[PDB]
């Protein structure tokens, strides 16, 4: 262990998206995750998942218009019906692709706008997602994003994500503990992993501080893995990093930790 999932939106980008499933399997991954599958039919993706015997661990609700500065519609006042549409489409994909969880994106708060109003809207949209997903035994994830990656995003600290989930008050809503953002904003990863065990349903990793391979940087990942084992984490660890160079050329860390 741990159980690693390759993030196809960041890894194996040398080839077209649809070809990354085979690339991940060739490297030895049993699961994959990515951001947005919407430009492809559920049939297209399902075929690649089955062909390569892969588990789809996670994906996101749509970002909206990225070039207009959007990164989620669920926290945007007046866009609630579009957010619900994004949530419903994600459910359609999650059902067809046998994916247990979806990260419902919040959104960027325009300068001058009241963040509280956006937060209230986000909480109601997460409750909507939670109630739509519960009957199918699926869950909803909330991911804090560091400012270096997404300026002015609704929330950047794991503690803000945790408080939001606590207020959402749903048994199938959890945070997405991306250690890259956590180390950039909060630190004390042991406290988050150990004392909030049960509150995060997914984990992601990347090397600090440049977000490349996880076998170097200020965080000693092998030690973190021991912690995850201790607390009995049973989910997947998404490898969401930008390879320093060619994806394959930087997979030494994987062979080591998976072969051990």
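Positions refer to the first chain, counted from 1.
Undergrad: For the higher mean C-alpha B factor in the entry, choose 251 to 259 or 1 to 9.
TA: Stretch with the higher mean C-alpha B-factor: 251 to 259.
Undergrad: Taking the mean of the C-alpha B-factors per stretch from the entry, tell me the winner out of 178 to 186 and 151 to 159.
TA: For C-alpha atoms only, the mean B-factor is higher in 151 to 159.
Undergrad: Could you check 58, 206, 219, 43 and tell me which one carries the biggest Cα B-factor in the deposited entry?
TA: Out of 58, 206, 219, 43, the record gives the largest C-alpha B-factor to 43.
Undergrad: By its CA B factor, does residue 33 count among the lowest, middle or highest third of the modelled residues in the chain?
TA: Lowest third - that is where residue 33 ends up once the chain's C-alpha B-factors are sorted.
Undergrad: With respect to C-alpha B-factor, does residue 237 fall in the lowest, middle or highest third of the chain as deposited?
TA: Its C-alpha B-factor belongs to the lowest third of this chain's values.
Undergrad: Among the modelled residues of this chain, does the Cα B factor of residue 103 put it in the lowest, middle or highest third?
TA: Bottom third by C-alpha B-factor.
Undergrad: Lowest, middle or highest third of the chain for the C-alpha temperature factor of residue 211?
TA: Middle third of the chain for residue 211's C-alpha B-factor.
Undergrad: Would you mind ranking residue 200 by its C-alpha B-factor against the rest of the chain and naming the third, lowest, middle or highest?
TA: It belongs to the lowest third of the chain when residues are ordered by C-alpha B-factor.
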